[PDB]
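Engineer: Please see the structure below; I have some questions.
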Amino acid sequence: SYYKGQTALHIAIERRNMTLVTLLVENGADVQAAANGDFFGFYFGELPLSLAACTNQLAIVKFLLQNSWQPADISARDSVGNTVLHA
Amino acid sequence: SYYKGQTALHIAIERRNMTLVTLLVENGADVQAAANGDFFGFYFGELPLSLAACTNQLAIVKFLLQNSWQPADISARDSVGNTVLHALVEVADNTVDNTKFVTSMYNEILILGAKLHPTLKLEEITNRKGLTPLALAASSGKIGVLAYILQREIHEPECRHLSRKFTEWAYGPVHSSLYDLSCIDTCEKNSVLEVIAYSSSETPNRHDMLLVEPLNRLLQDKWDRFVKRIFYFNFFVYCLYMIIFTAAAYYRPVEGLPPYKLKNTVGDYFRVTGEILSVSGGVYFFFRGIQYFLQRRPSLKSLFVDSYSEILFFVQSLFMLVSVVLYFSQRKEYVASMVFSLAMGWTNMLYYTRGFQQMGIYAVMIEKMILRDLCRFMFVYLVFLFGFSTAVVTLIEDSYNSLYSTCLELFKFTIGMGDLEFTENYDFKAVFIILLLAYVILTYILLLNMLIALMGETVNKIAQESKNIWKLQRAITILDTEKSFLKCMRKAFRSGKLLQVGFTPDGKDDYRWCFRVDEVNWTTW
Amino acid sequence: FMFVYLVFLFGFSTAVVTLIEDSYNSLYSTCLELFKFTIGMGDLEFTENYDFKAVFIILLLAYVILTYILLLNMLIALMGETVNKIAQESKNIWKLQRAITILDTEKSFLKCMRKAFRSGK
Ligand SMILES: C=C(C)[C@]12C[C@@H](C)[C@@]34O[C@](Cc5ccccc5)(O[C@@H]1[C@@H]3C=C(COC(=O)Cc1ccc(O)c(OC)c1)C[C@]1(O)C(=O)C(C)=C[C@@H]41)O2
């Protein structure tokens, strides 16, 4: 609920940690999974790419989308239906 | 007297002489002795340590307290009872430059108190008045010092055990916090809310002193939780009381002389119940008004400025006690008092419009235009009324046949309801017309439009601050409702929780009252 | 302003009609006769005798001062503020009301929009 799906990747993104976010997907973590809850408060979107875009990290969004291990889905949406552009 | 106890040490401290102050105690001088007098003018405290702290000398206070020859007593007080912490608040003046200084000095002396004497805490002490430094700041109007005290956190682990606001966490823009309220609500000696609300209104920031971090949420919590329904129950019961009282007054017996025999019919049995309920509500209001004045004992100088809505509910009951006295004295005049108590009661429903944000400024405007604008305009208008009335009634002695009748007939000219007839012949009728034409121009046109333009300014000045006026009137209601019923406060659970979140340097776990709050600010990333 | 004024009207009206039970002979008639005092169209006569006439005059004089002078000039000063606040933005108000009309007219007739050629090209 409150922490449904949230991982150290989200905390690092919110903390402006370039090394932590890089290592998260380097190990093999998948960013497609999204974290949702009552707190998600400040609504920055559920997709990690949306969170990174909204949190003033263009390097992070570029890395997530370009990631060869698992590129982020630009057109993903939450259960409600808001997209990254909507966020 | 003037120089009682003052030494070269005090002069050096005031002169910013580090060498002189050092040598003073190096020779063997004792700082415990304090100098007091009529001049002590600028009150910086009697203790030399207080003077040094107030005079922007942190090095000097540190030297005095650390002095191996004779360390200063941090918790000393004067004859009156003000401590160094009290002196720090006494010298604040709400200005931006002064606030940072006084807060810094307060913080430094507090940290020194903990480092030197962890066992003892210096903020809890009270002066002769019996109000703690935060209470003193609230009562005296020092919004800056109060804001600093209420929300301050020390991140040093050793010095983090005496903070008020234990931040719980921050997650992006939102910064959840956990305030103390350990002596804000339900503190025996005094509460920081009570002194803010029950102020002379000469205190400057009381309107804006309820925007401080914990107080706003604390009051909006008591309102939303339980008080907002007690207030509406009270309003509904007063509405029932006024409807019953109006019905019983309207249908009163008219043939005979009081008291009246109880006719054996439903219509006349209901009327006696209405009379009984109306009188009982007139004793409840009487006792509530008496109790208000006993507890508060407001100054007779400011009886109407601060307790305008409590004088009126007391008068609206005095008029009915005076009618039940005259009703059993076989006097028909009890009606002349009852209907005055009836018009009082209906217009007293504007007291309950402070439970509505938008509707609560009409009550404030009516109150403020009767006391300020309309009260001091009655000496200006009455000289005109009594001068042009004596003049008019003396001229035509030979409607305008009496002083009462002439005063009435000229009052209607002021408010535009009078007729300039001149039909009835009078001796000296060219000077009577001139007198009346002068009166109408002076009062109706010139002088009544001055009042209308001065009340407009009042309305304009107190219609901008509607948010400020509303919240204080709501805080007063919350305080009164909370204090009305003891079990209400007992079962209110006003504090968010009673939790143990840290340990004091003494090694014993400390549990205190606290209340979580939240705020949003992302501009700083 | 109708909850503020009606407590005064109904309080000084019940008071006036209760006092003189022994124009102001009914609740409707007293409410009407005191409403005209508020708007300056009423007459303070006191010609007809009443029991307790020194407290009836006091009641009516209080009502006129409170409503006609004090309380009606509060409404007149509060509406002046509204007029002043929405007379500065006339350009802003006008264009939105014009946009609503344009939208309604366009949506009213389908062939109108079809043949409008709204887009430049
Ligand atoms: C205690 C005071 C000052 C007061 C008591 C009475 C006599 C009062 O006249 C005044 C003076 C006055 C009289 C006549 C015209 C204007 C002013 O004002 C009120 C008082 C003035 C009004 C009440 O108008 C209000 O201000 C209602 C009100 C506003 C704000 C409130 O917080 C409030 O709480 C109860 C009530 C009408 C009378 O109360 C009323 O009903 C009658 C018949 C007399 C009015 O004296």
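In chain C, numbers come from Swiss-Prot; the residues present are 580-601, 626-724, in order.
Each residue, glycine too, has its Cβ placed from N, Cα and C.
Copying in the features that Swiss-Prot gives for the protein in this structure:
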type     : residues  : note
BINDING  : C:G643    : Na(+) 1 binding site
BINDING  : C:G643    : Na(+) 2 binding site
INTRAMEM : C:627-649 : intramembrane segment
MOTIF    : C:643-646 : motif 'Selectivity filter'
TOPO_DOM : C:650-657 : topological domain 'Extracellular'
TRANSMEM : C:658-686 : transmembrane segment
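Burial and contacts for the listed features, if you can.
Structural biologist: Annotation for C:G643 (Na(+) 1 binding site): spatial neighbours C:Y671, criterion Cβ-Cβ under 8 Å with sequence separation of six or more.
Long-range contacts of the motif 'Selectivity filter' (C:643-646) within its own chain (CB-CB distance under 8 A, at least 6 residues past either end) are made by residues 636-637, 667, 671.
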Engineer: Which bits of the chain, at least 6 residues beyond where the topological domain 'Extracellular' (C:650-657) starts or stops, bring a Cβ under 8 A of a Cβ in it?
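Structural biologist: Same-chain residues near the topological domain 'Extracellular' (C:650-657) but 6 or more away: 598-599, 601.
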Engineer: So how many of the residues in the motif 'Selectivity filter' (C:643-646) end up helix, strand or coil by DSSP?
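Structural biologist: Going through the motif 'Selectivity filter' (C:643-646) residue by residue, I get 0 helix, 0 strand, 4 coil.
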